[PDB]
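Colleague: In the authors' numbering, the protein residues as written are 9 to 276, 287 to 369. Below is the structure I would like to discuss, written out as structure tokens.
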Ligand SMILES: Cc1cc2nc3c(=O)[nH]c(=O)nc-3n(C[C@H](O)[C@H](O)[C@H](O)COP(=O)(O)O)c2cc1C
């Protein structure tokens with residue numbers, strides 16, 4: 009009866025409902041290695057046939073832009089992940105691992121040998137934020153990527169995808185949003201390259217295209233999706249003509265024909291003509307609740323609805339949205355803290 013709870017076929021996976029657990033970086037993967045808590049954490053949010061997206065997970069030793077966010081690049085990371093995946097599968101969930109690389113959203117302390125964070129440009133991020141009595145910005149200014157190192161980075165993503173297929177994930181979500189490394193190449197206020205990877209919408213999207221192209225052939229197109237936020241400017245990631253990206257992108261992806269397009273809502287033409295344009299599954303996130311999502315589902319506005327903070331604080335959200343029940347509050351101060359339990363797995367189930 010409830011739209012959000014109506015089944016939906018995606019690529020070839022049977023979803024029991026459309027309430028998707030949004031990828032959520034929790035910074036509790038000590039040393040970049042997934043922890044035992046995640047096993048509980050993701051398991052608690054799994055439902056027979058529920059779709060789950062992992063927190064962003066580094067592809068390499070330079071992909072990070074924070075601390076303790078999991079990587080998917082060392083044999084070790086994989087074994088830490090493996091059991092987390094089994095617990096999700098033993099409960100029936102379709103579990104995708106989002107894959108990123110922060111790009112210019114990092115610092116020397118994050119990079120090995122203290123090297124500088126890398127990006128499509130040498131454009132500094134948040135210059136007003138300085139340390140203590142120094143000049144060294146919070147975000148170590150980015151080194152403009154040698155155009156010879158770019159095809160390799162594109163290979164870093166294809167690899168992590170293959171590794172996902174090794175840890176047993178059903179596929180991967182390419183992080184193409186939120187001021188991260190891929191969004192940087194796409195955004196004009198950030199991408200000012202004068203070679204083949206910048207200087208125009210064409211050259212700018214070349215990066216994410218080579219990714220949607222490589223990952224797809226690697227693990228199959230119908231198992232690959234990508235997340236984009238053409239309206240957001242998180243981490244000074246605004247584009248001079250964002251409204252256009254949504255559409256363009258929506259169409260540019262059909263060409264490569266992949267599993268789904270996952271887009272974040274704007275500060276409110288936006289996502290309607292987007293799901294209309296994309297031939298495959300369309301997932302909505304950013305602003306949803308009950309009706310918000312129900313409306314988007316029933317009125318054919320979206321195929322799925324990914325919840326972030328509301329799913330973080332309610333292991334049993336899909337059932338609620340089915341069994342008319344209110345929700346618990348999310349604890350902001352602990353979303354990013356590092357306790358294995360507190361604010362991570364102590365959010366209670368209904369009854
Ligand atoms: C603690 C936290 C971590 C997040 N981590 C990620 C992430 O790793 N990748 C991503 O694409 N989005 C991430 N997001 C954003 C969620 O995917 C997004 O908040 C959610 O879909 C927004 O729901 P709200 O605006 O609709 O109500 C994160 C959000 C929060 C609060």
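Just so you know, even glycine gets a beta-carbon here, dropped at the ideal spot from N, CA and C.
Which residues in the same chain as residue 267 place their Cβ atom closer than 8 Å to its Cβ, once the five residues preceding and following it in sequence are excluded?
Modeller: 18, 19, 179, 229, 230, 231, 232, 233, 298 and 299
Colleague: Skipping 5 residues on each side, what residues in its chain have a beta carbon closer than 6 Å to that of residue 34?
Modeller: These residues qualify, in order along the chain: 63.
Colleague: Would you call the region 96-114 and the region 134-143 touching, i.e. three or more CB-CB distances under 8 Å?
Modeller: no
Colleague: For residue 22, which beta-bridge partners are listed by DSSP?
Modeller: Bridge partners of residue 22: 17.
Colleague: What are the boundary residues of the alpha helix (DSSP H) that residue 47 is part of?
Modeller: 44-52
Colleague: Taking all protein chains shown into account, do 16 or more other C-beta atoms lie within 10 angstroms of the C-beta of residue 172, making it buried, or fewer, making it exposed?
Modeller: buried
Colleague: Which complete beta strand (DSSP E) runs does the region 53-134 hold, if anything under 3 residues is left out?
Modeller: 59-61 and 102-108, all fully within the region 53-134.
Colleague: The alpha helix (DSSP H) spanning residue 219 covers which residue range?
Modeller: 209-227
Colleague: Apart from the five residues just before and just after residue 151, which ones in its own chain have a Cβ nearer than 6 Å to its Cβ?
Modeller: By the criterion of a C-beta distance shorter than 6 Å, residue 151 is surrounded in its chain by 124 and 126, once the five residues flanking it on both sides are discounted.
Colleague: Along the chain, where does the alpha helix (DSSP H) that runs through residue 236 open and close?
Modeller: Looking at the DSSP string, residue 236 is not in any alpha helix (DSSP H); the run it does join, the beta strand (DSSP E), is 232-236.
Colleague: What are the start and end residues of the alpha helix (DSSP H) that includes residue 30?
Modeller: That residue, residue 30, is in no alpha helix (DSSP H); it is neither H nor E in DSSP.
Colleague: Is residue 183 close to ligand 1? I mean its beta-carbon at under 7 Å from any heavy atom of the ligand.
Modeller: yes
Colleague: Which of the three DSSP states is assigned to residue 181 in this structure?
Modeller: strand
Colleague: Measuring from the CB of residue 353, is there a heavy atom of ligand 1 at a distance below 7 Å?
Modeller: yes
Colleague: Which value, in whole angstroms, describes the spacing of the CA atoms of residue 182 and residue 97?
Modeller: 21 Å
Colleague: Excluding the 5 residues flanking residue 278 on each side, which residues of the same chain have their C-beta closer than 7 Å to its C-beta?
Modeller: Coordinates for residue 278 are lacking, as the chain steps from 276 to 287 with nothing built in between.
Colleague: Leaving out five residues before and five after residue 80 in sequence, what residues of the same chain have Cβ atoms less than 8 Å from its Cβ?
Modeller: 65, 66, 67, 86, 89, 105, 107, 168, 171, 172 and 175
Colleague: Give me the residue from 116, 78 and 153 with the minimum Cα distance to residue 39.
Modeller: If you compare the alpha carbons of 116, 78 and 153 with that of residue 39, the shortest gap goes to 78.
Colleague: Looking at C-alpha atoms only, which residue of 291, 243 and 94 is the closest neighbour of residue 318?
Modeller: 291
Colleague: According to DSSP, which residues form a beta bridge with residue 138?
Modeller: 145
Colleague: Using a threshold of 7 Å, is the CB atom of residue 64 nearer than that to any non-hydrogen atom of ligand 1?
Modeller: yes
Colleague: What does a CB cutoff of less than 6 Å around residue 265 pick up in its chain, not counting 5 residues either side in sequence?
Modeller: 229
Colleague: Does DSSP put residue 240 in a helix, in a strand, or in coil?
Modeller: coil
Colleague: Going by C-alpha to C-alpha distance, which of 240, 322 and 308 sits closest to residue 21?
Modeller: Nearest C-alpha to residue 21: 322.
Colleague: Is residue 275 near ligand 3, going by C-beta to nearest heavy atom under 7 Å?
Modeller: Judged by which ligands are present, ligand 3 is missing from the structure shown, whose ligands are ligand 1.
Colleague: If we count the other Cβ atoms within 10 Å of its Cβ and call it buried at 16 or more, is residue 157 buried or exposed?
Modeller: exposed
Colleague: Beta strand (DSSP E) containing residue 299: first to last residue?
Modeller: 299-303
Colleague: Drop a sphere of 10 angstroms on the beta-carbon of residue 134, count the other beta-carbons inside from all chains shown, and report buried for 16 or more, exposed for fewer.
Modeller: exposed
Colleague: Just curious, the alpha helix (DSSP H) that residue 272 is in, first and last residue?
Modeller: Unbroken run through residue 272 is the beta strand (DSSP E), 268-272; no alpha helix (DSSP H).
Colleague: What are the residues that DSSP puts in a beta bridge with residue 205?
Modeller: According to DSSP, which records beta bridges pairwise, residue 205 is partnered with nothing at all.
Colleague: Looking at the structure shown, is residue 41 part of a helix, part of a strand, or coil, going by DSSP?
Modeller: In the structure shown, residue 41 sits in coil (DSSP, three-state: anything other than H, G, I, E or B).
Colleague: So which of 137, 186 and 190 has the shortest CA-CA distance to residue 161?
Modeller: 190
Colleague: Nearer than 7 Å: is that true of the beta carbon of residue 39 relative to any heavy atom of ligand 1?
Modeller: no
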